[PDB]
Amino acid sequence: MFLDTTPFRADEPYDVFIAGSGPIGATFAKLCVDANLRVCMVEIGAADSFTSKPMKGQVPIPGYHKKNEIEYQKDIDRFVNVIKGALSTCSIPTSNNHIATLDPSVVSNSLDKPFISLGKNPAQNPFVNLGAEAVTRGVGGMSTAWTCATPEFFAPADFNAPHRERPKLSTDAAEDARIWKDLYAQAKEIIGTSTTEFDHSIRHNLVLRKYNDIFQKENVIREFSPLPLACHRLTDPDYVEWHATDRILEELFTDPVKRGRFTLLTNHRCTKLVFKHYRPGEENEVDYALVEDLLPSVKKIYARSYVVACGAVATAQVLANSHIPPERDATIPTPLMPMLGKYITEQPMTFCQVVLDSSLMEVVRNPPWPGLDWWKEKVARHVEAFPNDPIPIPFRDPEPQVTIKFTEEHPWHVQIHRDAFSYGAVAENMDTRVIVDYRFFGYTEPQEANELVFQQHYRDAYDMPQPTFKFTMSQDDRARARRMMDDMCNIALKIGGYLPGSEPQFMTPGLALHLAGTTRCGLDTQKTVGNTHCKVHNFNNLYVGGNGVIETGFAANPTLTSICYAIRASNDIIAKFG
Amino acid sequence: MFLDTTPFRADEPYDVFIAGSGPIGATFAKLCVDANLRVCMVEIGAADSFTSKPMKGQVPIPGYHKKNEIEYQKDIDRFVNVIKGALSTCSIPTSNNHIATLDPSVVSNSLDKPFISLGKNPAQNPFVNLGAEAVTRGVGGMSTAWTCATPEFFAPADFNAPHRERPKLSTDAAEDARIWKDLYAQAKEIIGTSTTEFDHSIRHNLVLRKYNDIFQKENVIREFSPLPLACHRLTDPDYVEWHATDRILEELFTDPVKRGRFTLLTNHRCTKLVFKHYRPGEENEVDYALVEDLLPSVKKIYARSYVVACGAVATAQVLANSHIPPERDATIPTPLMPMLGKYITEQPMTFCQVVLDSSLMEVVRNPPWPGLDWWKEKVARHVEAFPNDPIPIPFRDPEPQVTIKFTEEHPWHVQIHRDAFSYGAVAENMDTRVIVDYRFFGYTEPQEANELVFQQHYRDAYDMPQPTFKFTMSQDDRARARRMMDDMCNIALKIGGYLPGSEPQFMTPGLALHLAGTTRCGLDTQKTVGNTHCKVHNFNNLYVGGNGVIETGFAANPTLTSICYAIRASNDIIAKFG
Amino acid sequence: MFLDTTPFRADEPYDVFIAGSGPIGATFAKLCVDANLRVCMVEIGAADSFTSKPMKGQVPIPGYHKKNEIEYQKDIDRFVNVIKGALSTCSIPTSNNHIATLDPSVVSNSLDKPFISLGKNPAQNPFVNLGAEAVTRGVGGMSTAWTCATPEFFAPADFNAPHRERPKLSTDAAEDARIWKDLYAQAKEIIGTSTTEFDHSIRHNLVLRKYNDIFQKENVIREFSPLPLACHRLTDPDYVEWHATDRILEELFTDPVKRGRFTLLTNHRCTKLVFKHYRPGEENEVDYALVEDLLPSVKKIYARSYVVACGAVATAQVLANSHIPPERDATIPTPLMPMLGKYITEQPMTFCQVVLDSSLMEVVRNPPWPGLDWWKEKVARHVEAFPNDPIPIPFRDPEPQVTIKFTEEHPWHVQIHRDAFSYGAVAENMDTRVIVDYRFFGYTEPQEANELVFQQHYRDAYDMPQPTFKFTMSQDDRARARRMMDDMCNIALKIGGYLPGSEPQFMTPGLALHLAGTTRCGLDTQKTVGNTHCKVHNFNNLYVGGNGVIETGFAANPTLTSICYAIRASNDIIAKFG
Ligand SMILES: Cc1cc2nc3c(=O)[nH]c(=O)nc-3n(C[C@H](O)[C@H](O)[C@H](O)COP(=O)(O)OP(=O)(O)OC[C@H]3O[C@@H](n4cnc5c(N)ncnc54)[C@H](O)[C@@H]3O)c2cc1C
Ligand SMILES: Cc1cc2nc3c(=O)[nH]c(=O)nc-3n(C[C@H](O)[C@H](O)[C@H](O)COP(=O)(O)OP(=O)(O)OC[C@H]3O[C@@H](n4cnc5c(N)ncnc54)[C@H](O)[C@@H]3O)c2cc1C
Ligand SMILES: Cc1cc2nc3c(=O)[nH]c(=O)nc-3n(C[C@H](O)[C@H](O)[C@H](O)COP(=O)(O)OP(=O)(O)OC[C@H]3O[C@@H](n4cnc5c(N)ncnc54)[C@H](O)[C@@H]3O)c2cc1C
Ligand SMILES: OC[C@H]1O[C@@H](O)[C@H](O)[C@@H](F)[C@@H]1O
Ligand SMILES: OC[C@H]1O[C@@H](O)[C@H](O)[C@@H](F)[C@@H]1O
Ligand SMILES: OC[C@H]1O[C@@H](O)[C@H](O)[C@@H](F)[C@@H]1O
């Protein structure tokens with residue numbers, strides 16, 4: 001499927017070239033096209049997911065949320081399959097395990113002759129990996145499948161605190177605050193953030209109000225709030241529209257004026273960028289982008305500015321690949337961008353599910369909180385239709401969406417909800433109405449030694465250099481992780497008992513996919529890849545984008561914040577190339 | 001194995017008949033033959049476990065602990081098989097499940113013609129079952145494989161606090177107190193309790209010392225103590241001799257005079273007790289013991305007194321079956337014993353394994369507690385010998401054997417140890433030195449409705465009336481169990497992190513095998529089956545023994561306390577028929 | 001467990017010393033004590049199971065088959081727990097697998113600092129292993145759990161046909177047959193082979209006759225027979241008594257003349273045989289035998305003749321360990337016995353279980369063969385007692401015990417039975433009355449390269465050199481294995497459909513425990529260790545016992561044949577040491 005956007009023309013240079021049709025990549029697209037810039041966007045995957053909008057006879061819009069389709073609203077459990085089908089794992093270490101019970105006549109690996117597994121990475125030490133780190137390919141990137149939770153990152157009162165989630169945009173605290181407030185407001189409106197979309201679910205209120213009551217009668221008080229979600233409940237309240245790249249790009253299809261300033265080539269790989277020259281430590285510039293059409297031909301695409309917004313892993317993979325101008329575990333040296341792939345950070349996650357205390361069904365039948373006439377009605381109604389239901393919760397009552405915002409007191413991010421990305425077999429003997437998920441995300445200190453590198457002699461499925469992780473938690477990273485488990489166990493048991501198979505546990509490293517710091521951006525030029533406008537040092541026309549630009553160790557979901565950097569970088573591009 | 005001993009003569013009535021050769025029944029055999037009484041005992045199982053002592057020229061002694069064979073002293077992880085191989089589940093409920101992948105030509109169950117499978121129990125409602133409750137059949141009862149923990153029960157300083165572990169034997173606090181002091185001291189000499197057999201284990205001291213340090217300095221203090229065990233470390237400290245029936249029955253085999261007053265019938269089913277009459281409300285006598293030889297032939301056995309020490313399940317069985325002189329799901333009425341099998345109790349259990357924090361390995365290499373030369377010495381030798389090993393604990397170092405004494409403020413029993421009865425897959429990759437178990441056993445309130453009954457028309461593999469359980473906890477039982485769960489999680493996470501697979505979980509009801517109150521003995525005549533000497537109401541020559549005489553809701557392990565009731569009962573016997 | 005038998009003299013030269021109290025070891029002790037020789041037996045394990053046989057007043061006999069207890073007869077399923085608890089794996093290879101969901105704070109293996117685990121053998125190539133090869137320690141050895149099948153090994157009509165199961169004991173055709181004939185008859189009596197103990201099973205007759213019927217109609221005909229079992233049905237037909245060491249040793253406990261020439265040292269390790277000298281290829285002799293009492297210490301033990309009957313592993317172990325008189329993957333060289341642990345052979349095994357055809361319950365309700373009125377009556381009584389039962393077969397009916405004897409045109413051993421040793425989760429949804437096990441066993445050719453060797457630097461749990469396997473079957477063994485699997489599928493599907501979970505598969509190499517050839521004996525002196533009398537080359541008081549003696553590639557269960565060898569051997573100790 002091939003979008004009939006503006007057709008590529010050669011040697012009439014674009015204003016902005018953009019790699020990646022993720023929500024971040026889309027943000028550059030919307031804002032630059034808003035500024036009457038002419039934009040060419042490439043995307044390695046396909047246009048896989050559509051919605052329609054009237055022109056200003058209807059216009060397909062790609063990058064829609066696959067969870068939006070009605071079969072996934074009627075049957076949420078089925079959706080984990082789309083996710084598993086979307087995700088491609090970055091680094092799978094090789095192995096040579098012996099199958100003892102093979103028919104002795106069949107082909108078999110030996111000690112000195114293991115199989116040669118295509119795609120698996122011979123350089124990956126399995127002990128320093130992010131084994132569950134993975135990527136999605138397609139218009140909209142990971143946004144056609146995401147959870148849609150968009151908190152702000154935490155800013156401590158002391159601007160010089162030992163730790164912060166929200167990175168510094170300036171050395172002036174009054175000014176730092178100022179920009180972030182503006183960036184945050186805008187990103188929220190871009191992506192469709194709301195905290196009221198579940199204010200009429202019985203489960204959501206049950207879990208939220210009770211936790212608040214419980215934790216005011218405590219030594220340490222904890223504050224429970226609605227997880228900020230990028231979504232809006234639809235006029236039929238059985239349904240929700242989850243937001244994705246579609247609402248960002250919307251007007252680039254829907255507005256004939258803007259539609260002419262925007263090109264999107266799907267199934268196109270940005271292989272690398274070619275520079276004016278290849279000398280470290282002195283001013284430089286992107287000459288063109290090596291784009292390859294993957295449909296079963298090679299293009300040099302010119303533009304006045306360039307954005308790599310291919311997700312945290314791939315963005316670095318392009319800039320790494322670009323170091324090759326046109327023993328066996330050797331990596332590609334990136335001296336043109338020394339800080340590339342250093343200080344990488346990824347969140348430990350703990351997980352469990354509980355079954356609500358039967359005590360709380362009483363609550364459901366007779367809630368002590370006021371202005372709950374809707375709840376009492378839905379309940380009273382349900383028990384009409386189903387006199388013999390153990391659970392008085394209405395059949396299609398939405399899941400809880402509760403969070404606890406980070407504090408330096410409890411330096412981790414908590415989600416109390418139901419996620420579409422189940423981690424095991426659906427518990428078939430327990431009703432879904434009484435299951436609650438807990439996911440606690442920790443943060444990790446940025447250190448130089450923690451690296452994402454790229455192999456010279458190893459290529460992934462798309463002919464790009466193989467990513468290799470070298471990640472080891474720090475000692476205070478581990479103390480915090482432990483405190484986080486404890487916190488989860490305590491908190492969850494306040495309202496339920498662990499649902500068997502979903503007991504307290506750490507998930508495989510990288511599972512959260514909040515990998516950050518791969519092309520990191522901030523005020524310290526020496527240790528970053530880019531400045532606070534996400535411009536790459538020594539390159540006038542080259543910008544990065546995505547979670548890889550985040551220079552801090554943070555616990556919350558990164559997208560909203562990466563959109564802030566997209567706004568900021570887009571404005572620098574606009575102010576330089578208008 | 002027909003034990004070479006004083007062969008059965010049916011022309012000299014015995015002083016004592018005992019059914020059951022457990023540790024509780026053998027407590028009778030030992031005390032009674034000590035007092036020149038002449039004793040006949042039948043065991044329905046076989047004599048399979050032996051050690052050999054010199055006569056007071058080597059006499060084989062039965063009821064020796066299976067864990068004492070060197071094979072198991074050197075490979076403890078193998079002993080779980082012995083345990084599983086000796087456990088015989090009591091009530092397996094019927095099922096008729098569709099197997100959709102049968103070759104369609106093979107014998108199959110259908111909806112209306114379900115399989116009839118020998119042994120399972122059509123009366124059991126699975127939701128009130130004690131699914132894991134089971135029995136061992138053989139000389140020693142369960143003692144040939146038990147884990148050997150022998151704590152005392154808790155008595156609140158208030159002799160009238162609303163709940164107590166230790167049952168009352170008098171209404172005077174001081175007399176009651178004094179009786180128990182005496183009973184416990186003998187029992188521990190009979191069973192060979194000792195809290196010092198692990199005092200030179202690194203793993204044991206690490207857990208104990210660090211746990212106490214942590215909680216000496218915490219908001220709510222908790223004291224950790226050596227778990228009292230019925231065993232002793234031999235003089236090659238790698239070996240422990242676990243104690244069982246053999247140490248109790250010992251004299252009766254080795255003293256040529258005690259030889260002659262003791263008859264032991266193995267593979268003999270005490271089918272029932274015949275009375276002189278079967279009217280309820282008035283006095284009565286055990287006429288004789290109806291007893292069968294099960295290997296290739298029925299034997300009335302007359303004696304002056306009769307003791308049923310047949311475990312908590314089989315003891316109620318024999319009595320129930322004795323209500324028969326010599327709607328499909330109707331039970332056997334017990335009018336001669338009005339409260340039999342009523343008021344039963346079992347303990348809720350939670351469980352998890354952790355791996356020790358790696359910072360504690362630093363502690364092992366360099367312990368913060370003064371004057372622990374022997375610890376530094378063992379550690380030094382190992383690091384000398386296995387310089388490479390990431391664990392500084394020596395190879396054959398003993399497990400931890402730590403407890404927390406029940407308190408009314410924390411109404412459950414903990415064990416922080418390593419148990420031979422492992423609960424699932426034996427961890428392939430994790431080193432066993434750094435693994436620690438947690439078991440928390442709660443208590444349940446004795447309630448009338450909580451029953452144990454027997455079927456008229458359903459017979460187990462030994463032709464005895466089929467047990468059926470009708471057990472439901474109470475709301476307060478439940479509330480405590482949640483707190484017990486919360487508490488196991490908080491405690492374990494202080495020194496280690498959950499081993500995947502052994503995360504916080506409740507076990508199947510009855511796995512403790514601490515079933516109790518099937519033949520309850522106490523002061524209130526109208527609610528008990530026996531008195532404080534464990535003579536059945538209205539039968540002057542009939543005594544009960546084992547965990548089922550215990551009338552309280554308790555959380556600690558029961559064997560030691562039951563031995564206390566055995567002694568008290570053996571005195572009441574002797575001071576009658578002596 | 002020290003036995004009552006004849007004292008230990010450190011002055012007297014015993015006539016014969018024996019290592020190992022398995023069936024082979026017990027056979028030497030019988031035939032030799034019979035011929036008036038004083039014999040010392042040392043066993044490394046304890047005395048686990050006993051029975052009582054009156055003296056020529058009950059005497060305990062060690063070596064009782066553990067399945068004879070009424071427990072494992074009223075519930076055969078439970079017995080695999082005993083088998084698993086008994087087996088100790090010979091060679092377990094090391095590994096360093098990454099646990100990816102460990103709490104990050106806990107102790108962990110790493111890439112270059114893995115766990116050091118007691119009992120893993122670092123020299124083992126997992127690809128050339130017999131990973132299921134295991135030993136059993138105790139009096140009776142493996143005979144206290146064995147399946148008791150005792151077929152004869154195949155002798156082909158030609159005497160120089162390329163392959164035979166049965167080893168050559170002469171170059172004279174007529175004489176070979178004669179010796180084996182009387183050896184077999186003698187052996188059959190010692191252990192007690194009977195092909196008639198299942199002649200009144202409904203299940204056994206159904207399978208036997210139907211298969212024979214069906215296969216009389218087929219293109220290549222195959223003959224089915226009762227599997228020859230070392231057992232006898234007890235006078236009660238529900239119970240069966242499996243034979244074991246106890247019936248080889250009975251005389252030596254039940255005759256004072258006998259008992260007075262038999263010393264039994266359980267828990268005693270025969271560490272090595274010390275020799276006169278150590279010159280390779282020159283007549284030698286044992287001097288003494290080194291023995292360790294493993295109880296809470298060395299012991300020199302003196303006799304004229306010495307028998308090693310420790311298994312096929314532990315036997316060849318013992319001899320190699322003797323090569324040490326009184327890089328680090330290096331192994332103990334055996335220059336005195338060049339062929340020790342070479343030409344080793346083990347049997348591939350295929351397995352499956354079927355559920356019987358529903359069409360066969362009609363054959364059961366109405367069987368078409370002459371003289372089956374006993375069958376009809378049982379079916380009538382069952383159907384009368386159990387109306388609603390789809391299974392006309394009665395509740396206690398013995399399992400099948402059917403074989404097809406090895407032939408040259410189908411060169412594998414086949415068993416169509418029910419084995420106590422289950423291979424995975426017992427299915428709880430299918431009735432065991434219609435389940436049938438299939439175990440085919442192939443044979444591997446002896447090649448010199450196929451080795452069992454012993455580590456100079458790694459010990460097992462009993463301080464003996466770690467055993468190490470170097471085994472790879474040849475292009476012929478593989479091809480035969482293929483036809484064997486095919487033959488099994490074809491044959492099994494004639495009467496039922498594969499039970500789910502128990503579909504056709506190969507089992508882990510070694511699982512059959514018919515390892516042989518470690519100490520091979522024959523008429524080529526160079527390619528053997530001992531001769532046809534089991535007398536080790538160049539040693540005049542040195543004999544070997546067990547499956548290790550068998551020099552050929554065989555597919556049948558080997559104990560009977562080895563028992564033959566233990567007779568031919570036991571005679572040659574008597575005609576030399578008369
Ligand atoms: C199941 C799931 C749930 C999630 N839930 C949340 C959440 O609740 N909150 C949150 O903040 N985040 C969440 N995330 C993560 C979130 O989606 C990412 O932070 C976000 O998608 C990043 O946007 P991006 O455009 O920078 O990168 P991406 O979304 O990865 O998009 C990059 C695009 O570039 C394309 N590309 C890659 N390489 C090339 C190349 N060489 N040439 C051309 N194109 C290329 C890829 O195909 C992809 O389409 C979730 C992710 C997943 C998978
Ligand atoms: C693995 C395991 C670990 C344990 N660990 C502990 C622990 O650490 N601490 C603790 O306090 N408890 C523990 N227990 C429980 C403990 O073993 C029992 O409480 C104890 O053995 C009770 O002894 P008893 O004589 O009352 O009953 P039993 O030991 O069960 O003895 C009953 C005997 O009676 C025989 N019998 C039954 N019916 C008949 C019949 N009608 N005719 C003839 N004979 C009959 C049976 O064969 C059996 O031999 C453990 C149990 C197990 C299984
Ligand atoms: C579950 C099972 C089922 C089987 N079924 C069959 C079957 O149906 N048919 C068949 O033919 N075979 C069967 N076998 C194999 C059969 O058990 C053996 O072939 C048989 O026991 C051979 O006995 P052995 O005495 O030669 O060796 P073992 O029985 O292994 O006995 C050797 C003894 O030597 C002792 N020993 C070893 N080292 C030392 C040491 N140095 N010091 C002192 N003592 C030592 C060991 O403790 C052992 O007890 C089965 C085996 C198993 C495990
Ligand atoms: O794996 C699920 C988790 O993945 C993360 O990427 C999301 O940000 C969370 F919201 C989500 O719960
Ligand atoms: O399941 C094991 C448990 O069994 C129980 O019977 C014992 O009392 C516990 F101590 C033991 O840990
Ligand atoms: O594994 C079970 C098998 O063990 C083998 O050692 C026996 O010889 C077979 F008969 C038996 O079926």
Side-chain angles (χ1 to χ4, degrees), chain A residues 18-27 41-46 63 79-80 82-83 86-87 132 134-151 191 227 229-230 244-245 265-272 289 291-292 308-315 317-318 321 347 349 351 413 415 417 419-423 437 439 441 462 464 507 511-516 545-549 556-563 566, chain C residues 83 132 142 145-151 227 347 349 351 413 415 417 419-421 423 437 439 441 507 511-514 556-559:
Chain A
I18 302 171
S21 68
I24 300 304
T27 295
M41 163 165 290
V42 319
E43 161 55 36
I44 194 173
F79 197 80
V80 56
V82 188
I83 305 185
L87 305 169
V135 301
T136 305
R137 307 174 176 97
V139 170
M142 316 197 189
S143 84
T144 70
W146 75 326
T147 294
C148 297
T150 62
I191 198 56
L227 188 64
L229 299 170
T245 288
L265 308 184
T266 69
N267 292 284
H268 280 63
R269 166 171 96 247
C270 180
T271 299
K272 60 176 81 172
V291 173
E292 168 79 52
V308 196
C310 300
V313 174
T315 301
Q317 192 182 30
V318 190
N321 207 22
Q347 313 170 340
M349 190 199 317
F351 162 72
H413 178 75
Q415 309 204 146
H417 61 154
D419 199 280
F421 188 173
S422 46
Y423 300 147
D437 295 13
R439 284 174 182 87
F441 303 71
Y462 290 85
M464 300 285 302
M507 302 318 302
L511 185 68
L513 309 163
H514 290 182
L515 170 71
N547 306 330
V549 307
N557 333 65
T559 307
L560 183 64
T561 300
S562 290
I563 295 172
Chain C
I83 313 183
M142 287 176 164
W146 76 320
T147 266
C148 303
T150 61
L227 174 70
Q347 299 166 357
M349 191 200 330
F351 159 80
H413 175 75
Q415 293 183 200
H417 56 333
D419 192 306
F421 194 173
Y423 289 151
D437 293 1
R439 288 169 172 88
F441 304 67
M507 309 311 292
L511 179 66
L513 305 173
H514 296 170
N557 349 39
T559 300

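All heavy atoms count here, side chains included; hydrogens, waters and symmetry mates do not. Order of appearance sets the numbers: ligands from 1, and atoms from 1 within every ligand. Residue numbers begin at 1 in each chain, while the letters A, B, ... track the order of the sequences.
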Closest non-hydrogen atom pair, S21(A) against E43(A):
OG-OE1, 2.6 Å
Tell me whether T150(A) reaches ligand 1 (any heavy atom closer than 4.0 angstrom to a ligand atom).
no
For the pair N547(A) (side chain) and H514(A) (backbone), establish whether a donor and an acceptor sit closer than 3.5 Å, ignoring hydrogens and angles.
no
Do me a favour and list the nearest non-hydrogen protein atom to atom 35 (C) of ligand 1 with residue, atom name and distance?
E43(A) OE1, 3.3 Å
Starting from atom 52 (C) of ligand 1, what is the nearest protein heavy atom, named by residue and atom, and what distance separates them?
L513(A) CD1, 4.1 Å
Between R439(A) and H417(A), do the side chains contain a donor N or O and an acceptor N or O under 3.5 Å apart?
yes
Where is the tightest heavy-atom contact between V318(A) and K272(A), given as atom of each residue plus distance?
CG1-CA, 4.0 Å
Under 3.5 Å, is there a donor on one side chain and an acceptor on the other for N557(A) and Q415(A)?
yes
Contact between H268(A) and ligand 1, counting heavy atoms under 4.0 Å?
yes
Look at atom 32 (C) of ligand 1 and say which protein heavy atom is nearest, naming residue and atom and giving the distance to 0.1 Å.
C310(A) C, 3.5 Å
Minimum-distance pair of heavy atoms, taken over all atoms of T559(A) and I24(A)
O-CD1, 4.3 Å
To the nearest 0.1 Å, how far is atom 41 (N) of ligand 1 from its closest protein heavy atom, and which atom is that?
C270(A) O, 3.1 Å
Among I18(A), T136(A), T559(A), the residue with a heavy atom nearest to atom 16 (C) of ligand 1 is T559(A)
Nearest heavy-atom neighbours spanning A149(A) and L229(A):
CA-CD2, 3.7 Å
Could you check atom 29 (O) of ligand 1 against the protein and tell me its nearest heavy-atom contact, residue, atom and distance included?
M142(A) N, 3.0 Å
Rounded distance (nearest 0.5 Å) linking atom OH of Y462(A) with atom OG1 of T271(A)
13.0 Å
If the cut-off is 4.0 Å to any non-hydrogen atom of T147(A), which atoms of ligand 1 fall inside it?
3 (C), 4 (C), 5 (N), 6 (C), 8 (O)
Which heavy atom in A312(A) sits nearest to a heavy atom in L515(A), and how many Å separate them?
CB-O, 3.6 Å
Kindly confirm or rule out an N or O of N547(A) lying under 3.5 angstrom from an N or O of ligand 1.
yes
When you look for protein heavy atoms under 4.0 Å from ligand 6, which residues do they belong to?
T147(C), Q415(C), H417(C), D419(C), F421(C), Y423(C), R439(C), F441(C), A512(C), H514(C), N557(C)
Shortest protein contact, atom 44 (N) of ligand 1 (heavy atom only)
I44(A) N, 3.0 Å
Looking at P558(A), which atoms of ligand 1 are within less than 4.0 Å of one of its heavy atoms?
11 (O)
For atom 2 (C) of ligand 1, state which one of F421(A), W146(A), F79(A) supplies the nearest heavy atom.
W146(A)
Looking at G138(A), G20(A), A512(A), the heavy atom closest to atom 49 (O) of ligand 1 belongs to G138(A)
Report yes or no: does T27(A) contribute a side-chain atom to a donor-acceptor pair with the main-chain N or O of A566(A) at less than 3.5 Å?
no
Suppose we measure from atom 1 (C) of ligand 1 to each protein heavy atom; which comes out shortest, and what is that distance?
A145(A) O, 3.7 Å
Identity and separation of the nearest protein heavy atom to atom 24 (P) of ligand 1:
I24(A) CG1, 3.6 Å
Give a yes/no verdict on whether any heavy atom in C148(A) is under 4.0 Å from an atom of ligand 1.
yes
